[PDB]
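File shown: protein_10.cif. Contents: mmCIF, C-alpha atoms and all ligand atoms.
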```
data_input
#
loop_
_atom_site.label_atom_id
_atom_site.label_comp_id
_atom_site.auth_asym_id
_atom_site.auth_seq_id
_atom_site.Cartn_x
_atom_site.Cartn_y
_atom_site.Cartn_z
CA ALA A 1427 10.75 6.26 -6.38
CA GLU A 1428 10.12 4.91 -2.89
CA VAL A 1429 13.05 5.02 -0.52
CA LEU A 1430 11.13 3.72 2.53
CA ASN A 1431 7.99 1.58 2.81
CA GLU A 1432 7.38 0.12 6.23
CA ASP A 1433 4.31 -1.94 7.17
CA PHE A 1434 5.63 -3.05 10.60
CA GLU A 1435 4.58 -6.63 9.90
CA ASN A 1436 7.97 -7.81 11.19
CA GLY A 1437 7.95 -5.38 14.11
CA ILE A 1438 10.00 -2.22 14.37
CA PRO A 1439 12.91 -3.03 12.07
CA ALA A 1440 16.40 -3.01 13.60
CA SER A 1441 17.30 -0.22 11.09
CA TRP A 1442 14.85 2.15 12.83
CA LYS A 1443 15.46 3.66 16.29
CA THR A 1444 13.35 4.28 19.36
CA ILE A 1445 14.17 7.14 21.73
CA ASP A 1446 12.70 7.02 25.28
CA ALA A 1447 13.19 10.73 26.06
CA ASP A 1448 11.06 10.79 29.21
CA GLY A 1449 12.95 7.75 30.57
CA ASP A 1450 10.07 5.59 31.86
CA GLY A 1451 11.02 2.48 29.87
CA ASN A 1452 7.93 2.68 27.68
CA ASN A 1453 8.45 3.27 23.96
CA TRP A 1454 6.84 3.06 20.62
CA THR A 1455 6.20 -0.66 20.36
CA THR A 1456 4.43 -3.40 18.39
CA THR A 1457 3.84 -5.40 21.61
CA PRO A 1458 1.79 -2.95 23.74
CA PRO A 1459 1.39 -4.09 27.34
CA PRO A 1460 -0.32 -5.83 28.97
CA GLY A 1461 -1.50 -7.87 26.00
CA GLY A 1462 1.94 -7.96 24.41
CA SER A 1463 0.48 -8.29 20.90
CA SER A 1464 -0.08 -5.54 18.35
CA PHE A 1465 -3.32 -3.66 18.14
CA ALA A 1466 -5.14 -4.19 14.83
CA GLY A 1467 -3.04 -2.58 12.08
CA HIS A 1468 -4.20 -0.59 9.11
CA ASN A 1469 -5.76 -3.26 6.87
CA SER A 1470 -3.05 -5.45 8.35
CA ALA A 1471 -2.08 -7.36 11.52
CA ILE A 1472 0.62 -5.10 13.01
CA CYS A 1473 1.05 -1.44 13.75
CA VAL A 1474 3.40 0.48 16.06
CA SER A 1475 1.96 2.23 19.10
CA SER A 1476 2.82 4.58 21.96
CA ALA A 1477 0.91 5.00 25.25
CA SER A 1478 -0.43 7.93 27.22
CA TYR A 1479 -2.26 5.30 29.39
CA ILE A 1480 -1.53 1.62 29.98
CA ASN A 1481 -4.20 -0.78 31.28
CA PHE A 1482 -3.41 -2.21 34.75
CA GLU A 1483 -0.82 0.60 35.25
CA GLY A 1484 -2.34 4.02 34.66
CA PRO A 1485 -1.50 7.34 32.98
CA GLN A 1486 1.91 7.80 31.35
CA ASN A 1487 3.84 10.94 30.37
CA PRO A 1488 5.37 9.92 27.05
CA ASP A 1489 8.11 11.67 25.19
CA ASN A 1490 8.74 8.81 22.79
CA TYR A 1491 10.39 9.02 19.35
CA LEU A 1492 10.34 6.57 16.48
CA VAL A 1493 13.11 7.42 13.99
CA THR A 1494 13.55 6.12 10.45
CA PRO A 1495 16.78 4.72 9.16
CA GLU A 1496 19.11 7.17 7.37
CA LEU A 1497 17.51 8.54 4.19
CA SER A 1498 19.01 10.00 1.01
CA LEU A 1499 16.77 12.83 -0.18
CA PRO A 1500 19.13 15.18 -2.02
CA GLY A 1501 16.19 16.90 -3.74
CA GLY A 1502 13.63 16.35 -1.00
CA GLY A 1503 10.72 13.94 -0.83
CA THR A 1504 7.22 13.15 0.42
CA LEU A 1505 6.18 11.25 3.53
CA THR A 1506 2.83 9.54 3.87
CA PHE A 1507 1.65 7.51 6.82
CA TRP A 1508 -1.48 6.35 8.59
CA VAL A 1509 -2.43 7.24 12.16
CA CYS A 1510 -5.26 6.44 14.54
CA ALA A 1511 -6.24 6.53 18.15
CA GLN A 1512 -6.41 3.01 19.58
CA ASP A 1513 -9.48 3.93 21.65
CA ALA A 1514 -11.85 6.09 19.56
CA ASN A 1515 -13.29 7.34 22.91
CA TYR A 1516 -9.95 8.44 24.41
CA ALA A 1517 -8.61 9.77 21.12
CA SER A 1518 -6.79 13.01 22.06
CA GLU A 1519 -3.19 11.89 21.56
CA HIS A 1520 -0.63 14.57 20.74
CA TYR A 1521 2.12 13.86 18.22
CA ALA A 1522 4.54 15.55 15.87
CA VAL A 1523 6.69 14.67 12.86
CA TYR A 1524 10.21 16.14 12.42
CA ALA A 1525 13.02 16.03 9.85
CA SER A 1526 16.74 16.26 10.59
CA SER A 1527 19.50 17.03 8.09
CA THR A 1528 22.27 15.77 10.40
CA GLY A 1529 21.80 13.36 13.31
CA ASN A 1530 19.11 11.20 14.83
CA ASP A 1531 19.00 12.24 18.48
CA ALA A 1532 16.25 14.21 20.20
CA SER A 1533 18.02 17.57 19.83
CA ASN A 1534 18.19 17.11 16.05
CA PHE A 1535 14.37 17.07 15.85
CA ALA A 1536 13.14 20.65 16.21
CA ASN A 1537 10.64 22.67 14.15
CA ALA A 1538 7.83 20.15 13.64
CA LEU A 1539 6.69 19.69 10.04
CA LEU A 1540 3.33 18.46 11.41
CA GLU A 1541 1.99 18.64 14.94
CA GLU A 1542 -1.51 17.72 15.97
CA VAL A 1543 -3.91 16.36 18.52
CA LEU A 1544 -6.12 13.65 17.07
CA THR A 1545 -9.77 14.70 16.77
CA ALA A 1546 -12.18 13.26 19.34
CA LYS A 1547 -15.29 12.23 17.36
CA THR A 1548 -16.69 10.23 20.26
CA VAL A 1549 -15.99 10.18 24.02
CA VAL A 1550 -17.09 8.16 27.06
CA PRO A 1553 -14.34 7.63 32.79
CA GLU A 1554 -12.92 4.08 32.90
CA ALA A 1555 -10.00 2.25 34.49
CA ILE A 1556 -9.79 -0.26 31.59
CA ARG A 1557 -9.71 1.39 28.19
CA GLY A 1558 -9.54 0.13 24.62
CA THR A 1559 -12.70 -1.95 25.19
CA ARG A 1560 -14.73 -0.63 22.23
CA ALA A 1561 -13.89 0.59 18.76
CA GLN A 1562 -10.59 1.66 17.36
CA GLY A 1563 -10.37 5.20 16.02
CA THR A 1564 -10.52 5.81 12.30
CA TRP A 1565 -7.26 5.44 10.39
CA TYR A 1566 -6.34 8.66 8.61
CA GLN A 1567 -3.59 9.16 6.05
CA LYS A 1568 -1.27 12.17 6.49
CA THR A 1569 1.09 13.73 3.95
CA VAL A 1570 4.21 15.71 4.90
CA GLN A 1571 6.72 17.31 2.55
CA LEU A 1572 10.38 16.64 3.38
CA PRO A 1573 13.07 19.21 2.57
CA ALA A 1574 16.14 18.47 0.52
CA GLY A 1575 18.90 16.98 2.70
CA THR A 1576 16.51 15.30 5.15
CA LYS A 1577 18.42 12.33 6.56
CA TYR A 1578 16.01 11.20 9.29
CA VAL A 1579 12.29 11.47 10.03
CA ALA A 1580 11.03 11.18 13.62
CA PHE A 1581 7.51 10.53 14.93
CA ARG A 1582 7.16 11.90 18.46
CA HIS A 1583 4.38 11.11 20.95
CA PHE A 1584 4.61 13.75 23.71
CA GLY A 1585 2.94 16.53 25.63
CA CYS A 1586 -0.10 14.48 26.59
CA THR A 1587 -1.33 12.10 29.26
CA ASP A 1588 -4.30 9.97 30.23
CA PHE A 1589 -5.97 8.96 26.95
CA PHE A 1590 -4.87 5.57 25.62
CA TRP A 1591 -2.48 4.74 22.69
CA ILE A 1592 -1.59 6.34 19.35
CA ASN A 1593 -0.99 3.97 16.40
CA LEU A 1594 1.10 4.42 13.25
CA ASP A 1595 1.28 2.19 10.14
CA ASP A 1596 2.21 2.14 6.46
CA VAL A 1597 5.01 4.74 6.45
CA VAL A 1598 6.08 5.51 2.86
CA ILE A 1599 8.76 8.03 1.72
CA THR A 1600 9.25 8.83 -1.95
CA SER A 1601 12.09 10.92 -3.37
CA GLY A 1602 11.74 13.97 -5.60
CA CA B 1 0.86 -2.92 9.29
CA CA B 2 8.76 6.75 27.44
NA NA B 3 8.37 -2.94 3.37
NA NA B 4 17.55 0.09 16.01
NA NA B 5 23.39 8.75 15.40
#
```

In structure tokens, how does this file's structure come out?
Amino acid sequence: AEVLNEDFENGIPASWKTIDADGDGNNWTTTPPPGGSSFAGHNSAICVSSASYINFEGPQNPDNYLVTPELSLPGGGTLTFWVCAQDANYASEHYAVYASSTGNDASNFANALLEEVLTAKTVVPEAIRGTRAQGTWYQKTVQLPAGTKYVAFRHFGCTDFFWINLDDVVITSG
């Protein structure tokens, strides 16, 4: 039974929450600057994205969370989602996925269930990035413990690549 299935085609839903932990005003977003329109989604128009580098601005130091609405997983569940680097040639974005059994603030998200740096399969030094191919979309699977109330996706601990993209977040109970 699916308890969450988000394609982002109507943007980040109001039921989800962004946390700008570094405080720069830049978040996970479906309107990445300076274009202000979503990057190409996974077999779809829209995905949600966070920047380590913004064209016409420069390197960023993100600590950005994207948090689900409150979940009921009394016996646990399974998360799947799709992730890619927006620029296949500046691919090395660092992210983690966390579960909380209580609240939905940054301090509630500790002990990553998954933490990785996307694999660079190709590389280029350019001021304007995102000018070639998107990275490959990869599906990830994370098991969620019983009593998980919130899942957070965190883009952090990296700078000076381009953007990380997320799409097609599905959580099933059991
Ligand atoms: Ca989508
Ligand atoms: Ca930020
Ligand atoms: Na949906
Ligand atoms: Na919200
Ligand atoms: Na709260």

**Asked** Got a sec: who's within 12 Å of segment 1549-1556 of chain A, counting only C-alpha atoms, leaving out chain neighbours fewer than 2 positions off, as a PyMOL selection string?
**Response** chain A and resi 1460+1479-1485+1511+1513-1518+1545-1547+1558-1561+1563+1588-1590

**Prompt:** In Å to one decimal, how far is atom CA of residue 1581 of chain A from atom CA of residue 1451 of chain A?
**Reply:**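 Atom-to-atom, atom CA of residue 1451 of chain A to atom CA of residue 1581 of chain A, that is 17.3 Å.
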
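Taking atom NA of ligand NA 4 (chain B) as the reference point, atom CA of residue 1445 of chain A is found at 9.7 Å.
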
**Asked** Which of these residues is nearest to ligand CA 1 (chain B), using all atoms listed in the file: A:1496, A:1428, A:1446, A:1433?
**Response**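 When distances to ligand CA 1 (chain B) are compared using all atoms listed in the file, the smallest one comes from A:1433.
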
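Proximity of A:1487, A:1431, A:1569, A:1576 to residue 1527 of chain A, computed with all atoms listed in the file, is greatest for A:1576.
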
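The two atoms in question, atom CA of residue 1524 of chain A and atom CA of residue 1471 of chain A, are spaced 26.5 Å apart.
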
**Message:** If the limit is 6 Å from any atom of ligand CA 2 (chain B), counting all atoms listed in the file, which residues qualify? Return them as an NGL selection string.
**Reply:** :A and (1446 or 1448-1453 or 1488-1490)

Segment 1563-1576 of chain A from the block above: N, CA, C and O atoms written as an mmCIF file, in the first residue's frame:
```cif
data_model
loop_
_atom_site.group_PDB
_atom_site.id
_atom_site.type_symbol
_atom_site.label_atom_id
_atom_site.label_comp_id
_atom_site.auth_asym_id
_atom_site.auth_seq_id
_atom_site.Cartn_x
_atom_site.Cartn_y
_atom_site.Cartn_z
ATOM 1 N N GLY A 1563 22.757 14.115 -16.165
ATOM 2 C CA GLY A 1563 23.218 12.854 -15.642
ATOM 3 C C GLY A 1563 22.118 11.817 -15.765
ATOM 4 O O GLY A 1563 20.933 12.152 -15.866
ATOM 5 N N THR A 1564 22.528 10.559 -15.697
ATOM 6 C CA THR A 1564 21.603 9.447 -15.682
ATOM 7 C C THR A 1564 20.742 9.452 -14.410
ATOM 8 O O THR A 1564 21.224 9.677 -13.312
ATOM 9 N N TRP A 1565 19.442 9.229 -14.583
ATOM 10 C CA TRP A 1565 18.546 8.991 -13.467
ATOM 11 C C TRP A 1565 18.762 7.589 -12.935
ATOM 12 O O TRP A 1565 18.697 6.606 -13.703
ATOM 13 N N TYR A 1566 18.919 7.494 -11.622
ATOM 14 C CA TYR A 1566 19.082 6.234 -10.922
ATOM 15 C C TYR A 1566 18.044 6.119 -9.834
ATOM 16 O O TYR A 1566 17.785 7.101 -9.107
ATOM 17 N N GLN A 1567 17.422 4.940 -9.731
ATOM 18 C CA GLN A 1567 16.492 4.682 -8.636
ATOM 19 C C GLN A 1567 17.207 4.143 -7.407
ATOM 20 O O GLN A 1567 18.079 3.258 -7.533
ATOM 21 N N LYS A 1568 16.852 4.675 -6.246
ATOM 22 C CA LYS A 1568 17.388 4.267 -4.947
ATOM 23 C C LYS A 1568 16.278 3.709 -4.086
ATOM 24 O O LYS A 1568 15.103 4.116 -4.224
ATOM 25 N N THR A 1569 16.625 2.760 -3.214
ATOM 26 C CA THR A 1569 15.684 2.100 -2.325
ATOM 27 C C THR A 1569 16.218 2.161 -0.911
ATOM 28 O O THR A 1569 17.383 1.806 -0.684
ATOM 29 N N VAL A 1570 15.400 2.672 0.005
ATOM 30 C CA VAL A 1570 15.791 2.833 1.412
ATOM 31 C C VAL A 1570 14.713 2.238 2.313
ATOM 32 O O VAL A 1570 13.537 2.514 2.173
ATOM 33 N N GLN A 1571 15.092 1.389 3.252
ATOM 34 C CA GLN A 1571 14.132 0.846 4.185
ATOM 35 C C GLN A 1571 13.899 1.792 5.359
ATOM 36 O O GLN A 1571 14.854 2.355 5.886
ATOM 37 N N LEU A 1572 12.641 1.972 5.717
ATOM 38 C CA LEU A 1572 12.210 2.926 6.745
ATOM 39 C C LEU A 1572 11.748 2.183 8.005
ATOM 40 O O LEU A 1572 10.880 1.325 7.946
ATOM 41 N N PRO A 1573 12.320 2.529 9.170
ATOM 42 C CA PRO A 1573 11.931 1.792 10.368
ATOM 43 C C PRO A 1573 10.533 2.083 10.825
ATOM 44 O O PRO A 1573 9.969 3.133 10.535
ATOM 45 N N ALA A 1574 9.965 1.157 11.578
ATOM 46 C CA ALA A 1574 8.669 1.353 12.201
ATOM 47 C C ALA A 1574 8.674 2.648 13.040
ATOM 48 O O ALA A 1574 9.664 2.953 13.690
ATOM 49 N N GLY A 1575 7.590 3.407 12.957
ATOM 50 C CA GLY A 1575 7.468 4.671 13.648
ATOM 51 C C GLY A 1575 8.077 5.860 12.936
ATOM 52 O O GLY A 1575 8.039 6.946 13.488
ATOM 53 N N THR A 1576 8.613 5.675 11.731
ATOM 54 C CA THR A 1576 9.063 6.813 10.927
ATOM 55 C C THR A 1576 7.873 7.702 10.639
ATOM 56 O O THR A 1576 6.844 7.246 10.111
#
```
